[PDB]
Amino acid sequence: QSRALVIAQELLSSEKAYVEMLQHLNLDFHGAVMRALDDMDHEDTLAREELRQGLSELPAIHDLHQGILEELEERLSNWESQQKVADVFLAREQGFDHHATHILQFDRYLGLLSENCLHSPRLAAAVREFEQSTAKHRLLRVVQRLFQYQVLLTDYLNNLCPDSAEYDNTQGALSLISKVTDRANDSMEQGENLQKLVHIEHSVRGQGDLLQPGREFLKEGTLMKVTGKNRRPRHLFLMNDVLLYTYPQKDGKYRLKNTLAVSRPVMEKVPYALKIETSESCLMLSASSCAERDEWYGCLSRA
């Protein structure tokens, strides 16, 4: 009840920040690119028309979320009378279709954008002015909200009564969004990774925002920290970028213990041993098998 109240508050606060972001995207990215492309009409046409189609989704998304925010703001003001938010998503099936449409042409118009900047001073001038505050990276932030609703709405459902019209609606809103995010995973080269990083951020108590350009999730798994003769569990999130060193809690959630920037010793009391070394950090970890130890070795090696 308090737990579900704080999650709707978490949903509203993050929605405000998202609507503010979609606002400045439409003014500084869509607006500036529309202005440029309108000039280029009088300067090829194909690239512009495809850019215009993919860019048309941004105002439609902005309007969708402007509405979600207005309904969310009002519903949280009258929380001690009606304690319902899920149905706000259900009411907007047509709205989230713009998300699906955006996802479907995402890589096409964004690839077409950087490509067309290499020989279009006007388009380059528009994109630079925006990149001021990489565009394709700055637009993953649009599609990322969808994975956030999934994580938030799942935390919202776990605190609802399994026999509520709201538990039902939350499930419906979850399947409605999953219909949309399915397209991200199968139509975007960065969709599967964007999802991994959204779920990994939300699970780790200590890791804020993993969305970094070029960052890609590689391996997860628990290993034992060898402190003398004592063996304590540590859950590892290995990226090409950074190495998250955590502790698995009873919650299914974790705790960021240290972070590392991406040897196999022989010792009796520590069989299946892994020694990860950097100039700032060193970990003495034990695997359960010499195959588990060599699975991680080859993966930590590859990057």
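Heads up: residue numbers just count along the shown sequence, starting at 1.
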Exercise. Does the entry skip any residues of the deposited sequence between residue 133 and residue 134, and if so, is it 1 to 3, 4 to 9, or 10 or more, or none at all?
Worked result: 4 to 9
For this session: Please count the deposited residues lying between residue 262 and residue 263 that the model leaves without coordinates, and give the class: none, 1 to 3, 4 to 9, or 10 or more.
Result: 4 to 9
For this session: Pick between 231-239 and 24-32: the one whose mean CA B-factor in the entry is higher.
Result: 231-239
Seminar exercise, completed: Higher of the two mean Cα B-factors (147-155, 71-79; per PDB record) comes from 71-79
Problem set entry | Deposited CA B-factor, highest of 271, 59, 54, 248 | 271
Problem set entry | Among 111, 162, 95, 172 - the residue whose C-alpha B-factor is largest in the record | 162
Exercise. When the modelled residues of the chain are sorted by Cα temperature factor, does residue 184 land in the lowest, middle or highest third?
Worked result: middle
Problem set entry | residue 277 - which third its CA temperature factor falls in, relative to the rest of the chain | highest
For this session: Using the B-factor values recorded in the entry, state whether the Cα atom of residue 116 falls in the lowest, middle or highest third among the modelled residues of its chain.
Result: middle
Seminar exercise, completed: residue 85: CA temperature factor from the record, placed by chain third, in the middle
Exercise. Which third, lowest, middle or highest, does the CA B-factor of residue 64 fall in along this chain?
Worked result: lowest
